[PDB]
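> Turn this into a structure:
(one chain, ligands or ions: 2)
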Amino acid sequence: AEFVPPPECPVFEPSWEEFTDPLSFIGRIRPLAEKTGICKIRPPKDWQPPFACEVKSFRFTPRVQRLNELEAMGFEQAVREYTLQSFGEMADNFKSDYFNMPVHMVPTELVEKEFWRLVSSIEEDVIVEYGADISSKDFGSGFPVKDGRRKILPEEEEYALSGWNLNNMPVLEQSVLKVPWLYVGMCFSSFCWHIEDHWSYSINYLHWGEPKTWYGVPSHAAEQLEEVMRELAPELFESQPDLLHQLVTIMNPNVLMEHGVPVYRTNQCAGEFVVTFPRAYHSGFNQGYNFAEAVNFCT
Ligand SMILES: *CC(=O)Nc1cccc([C@@H](OCCN2CCCCC2)c2cc3nccc(C(=O)O)c3s2)c1
Ligand SMILES: [Mn+2]
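Residues are numbered from 1 along each chain as shown. Ligands and ions are numbered 1, 2, ... in the order given. Structure data below:
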């Protein structure tokens with residue numbers, strides 16, 4: 001049976017007045033978005049920050065991902081070093097060869113349907129690479145920053161100072177007595193179901209490239225998801241602590257939905273934000289070559 005797409009999560013298109021600061025805006029949409037776990041935010045059309053990464057020196061060794069590693073229960077090691085350009089050439093070549101069509105012509109529903117088929121397939125072993133958890137301290141943030149390590153044009157200063165610049169999000173949690181991370185995706189590269197440390201918010205910006213497909217669960221269903229996950233996880237992993245079990249928490253959203261867990265989806269396109277709410281489980285995969293930046297923040 002083919003994959004059944006979950007219902008779409010909320011998308012907000014704030015006016016320039018509503019777009020003044022993200023913390024106030026997120027607070028206002030909370031009564032709705034908290035009930036879906038994730039939401040998408042489309043900035044005004046004229047809000048277009050420039051890409052400020054040091055592309056000439058951008059080099060990384062992505063992690064290798066075998067889509068059916070869990071159902072299939074011979075080592076592929078992270079030895080291939082890429083540049084942004086060489087990874088993109090590999091990524092586009094992989095996708096165009098896999099689907100036998102230009103990368104921009106593959107429907108998002110088809111990649112989604114094929115991703116979940118491959119995750120459970122025992123006869124077909126598809127292996128991809130993900131440039132995940134690249135620190136913005138290594139080659140700079142995708143957003144312009146007033147660091148002095150790179151030049152900022154006068155038309156770019158407003159983005160260096162914008163509250164929607166992920167480098168300007170509040171990250172200090174209140175108690176008695178962090179930098180954004182970068183993600184260089186390719187088709188089928190993915191992240192498993194998880195929540196954030198300290199049940200923190202997270203905000204995610206797709207700088208460019210093909211969409212990032214998300215799945216989200218509202219926080220009121222967090223314990224229901226955890227029960228389903230442990231009931232259906234392999235018995236060898238069933239008793240592992242949450243922080244370790246999250247390393248293998250691959251699960252088809254339809255399986256969660258069949259067990260009563262509400263799940264929402266979205267395709268995050270270039271230039272759009274995705275916000276995850278406290279204790280909102282989320283997962284996803286990339287439709288193709290793209291570049292994302294993310295940070296956890298607190299209210
Ligand atoms: C099962 C599995 O392998 N899951 C997986 C794979 C790759 C990367 C990640 C995870 O990266 C760790 C997050 N990082 C920052 C926070 C502290 C721990 C280290 C990812 C988590 C998210 N969350 C939202 C979006 C994305 C994304 O766009 O890739 C990711 S990646 C988990
Ligand atoms: Mn996350």
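> Residue of the stretch 101-250 of the chain nearest ligand 1, please.
residue 192 (2.9 Å; Cβ to the nearest ligand atom). C-betas here are computed from N, CA, C, even on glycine.
> To which secondary structure element type does that residue belong?
For residue 192, the assignment made with DSSP: H, G, I helix; E, B strand; the rest coil gives strand.
> Up against ligand 1, what does the protein have?
For the chain, the residues in contact with ligand 1 (Cβ under 6 Å from any ligand atom) are 130, 132-133, 181, 183, 191-192, 204, 212, 247-250, 292, 294.
> OK, contacts around the residue of the stretch 101-250 of the chain closest to ligand 1?
By Cβ atoms under 8 Å, 6 or more residues apart in numbering, the residues touching residue 192 are 246, 247, 248, 249, 250, 283.
> Kindly report the same for residue 96.
Contact analysis of residue 96 by Cβ under 8 Å, 6+ apart lists 102, 103.
> From residue 131, how far off is it?
19 Å (Cβ to Cβ, to the nearest Å).
> Neighbours of residue 69, how many?
13 (other Cβ atoms under 10 Å).
> One more: residue 185?
Neighbour count of residue 185, defined by other Cβ under 10 Å: 30.
> For it, which non-adjacent residue is closest in space?
residue 286 (3.2 Å; Cβ to Cβ, 6 or more residues apart in numbering).
> wait, isn't the one you found in contact with residue 206?
No: Residue 286 is beyond contact range of residue 206, at 9.5 Å (criterion: Cβ atoms under 8 Å).
> shared neighbours of those two, anything?
Contact criterion Cβ under 8 Å, 6+ apart; residues shared by residue 286 and residue 206: residue 212.
> Looking at these two, which is more packed in?
residue 286 (30 against 24).
> Could you give the backbone dihedrals for that one?
With angles defined as degrees, to the nearest 10, residue 286 sits at phi -100, psi 140.
> now it, which residues is it bridged with?
residue 212 (DSSP bridges).
> ok now do it, which residues does it touch?
Under the criterion of Cβ under 8 Å, 6+ apart, the neighbours of residue 286 are 130, 185, 186, 187, 188, 189, 190, 210, 211, 212, 213.
> Looking at those, state which has the most neighbours.
Neighbour-wise, the contacts of residue 286 (other Cβ under 10 Å) top out at residue 185, 30 neighbours.
> Show me what that residue is bridged to.
Applying DSSP bridges, one finds that residue 185 bridges with residue 290.
> what's it in contact with, if anything?
91, 130, 131, 209, 210, 212, 286, 288, 289, 290, 291, 292.
> Looking at the residues you listed, which one is closest to residue 83?
residue 131 (10.7 Å; Cβ to Cβ).
> what's the spacing between the closest one and residue 193?
Applying Cβ to Cβ to residue 131 and residue 193 gives a distance of 21 Å.
> hang on, residue 182 is in a strand, isn't it?
Yes: under three-state DSSP, residue 182 sits within a strand.
> which SSE is the residue nearest to it when sequence neighbours are not counted in?
Among residues not flanking residue 182 along the chain, residue 134 sits closest, at 4.2 Å (Cβ to Cβ, 6+ apart). Per DSSP states H and E, residue 134 falls inside strand 127-135.
> cool, residue 94 as well?
helix 84-99.
> Same check on residue 228?
Element membership for residue 228 (DSSP H and E) is helix 222-232.
> contacting residues around residue 229?
Contacts for residue 229 (Cβ under 8 Å, 6+ apart) come out as 193, 245, 249, 251.
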